[PDB]
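Undergrad: here are the coordinates; sequence isn't available:
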Ligand SMILES: NC(=O)[C@H]1CCCN(C(=O)Cc2cccc3ncsc23)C1
Ligand SMILES: [Zn+2]
């Protein structure tokens with residue numbers, strides 16, 4: 001679990017969104033596994049606006065932060081689950097590292113701010129849904 005709170009927005013994994021998230025929906029994209037809902041309180045998370053390929057992510061399954069090199073956001077095949085059929089997930093970035101299903105929502109950050117959230121994993125690789133292109137999250 002985990003979310004990004006920026007201004008009057010809450011960013012979560014679309015497959016983990018609540019009834020409250022859907023009742024206050026702003027935007028969702030199943031191809032990216034993202035959902036953004038409105039909030040009443042302000043959020044102060046800084047979103048990174050960069051092309052960094054190194055950062056640190058939180059891994060709840062180890063209660064630890066790990067440093068990683070990660071690929072540029074791209075279309076990557078993701079196997080079926082109780083949430084989605086087999087498909088290509090866009091805006092996805094991979095890194096060599098540990099993750100487990102309950103690790104989704106863990107934040108990836110560089111020196112500039114929040115880069116994305118854990119969304120996929122398996123085979124010693126962790127996938128992060130990028131959020132750096134969502135310029136509207138600030139304005
Ligand atoms: N975005 C999706 O389509 C995901 C929906 C939930 C299931 N997905 C996984 O990758 C499961 C998983 C297994 C093993 C490590 C792992 N680490 C994070 S999730 C994860 C795919
Ligand atoms: Zn950066």
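TA: Happy to help now that I have it. Residues are numbered from 1 along each chain as shown. Ligands and ions are numbered 1, 2, ... in the order given.
Undergrad: thought residue 42 was touching residue 8?
TA: Yes. At 6.8 Å, residue 42 and residue 8 qualify as touching, with contact defined as Cβ atoms under 8 Å. Heads up, the C-betas are built off the backbone N, CA and C, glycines and all.
Undergrad: among the two, which residue is more densely surrounded?
TA: When neighbours are counted by other Cβ atoms under 10 Å, residue 42 and residue 8 differ, and residue 8 comes out ahead with 14 against 10.
Undergrad: distance of the more buried one from residue 33?
TA: Residue 8 sits 22 Å away from residue 33, going by Cβ to Cβ, to the nearest Å.
Undergrad: quick one, domains of this protein?
TA: The chain breaks down into these domains under CATH domains of a matching chain: 3-44, 45-139.
Undergrad: excluding sequence neighbours, find me the nearest residue to residue 27.
TA: Spatial nearest neighbour of residue 27, excluding adjacent residues (Cβ to Cβ, 6 or more residues apart in numbering): residue 36 at 4.8 Å.
Undergrad: quick one: secondary structure of that neighbour?
TA: Here residue 36 takes the strand state, with states given by DSSP: H, G, I helix; E, B strand; the rest coil.
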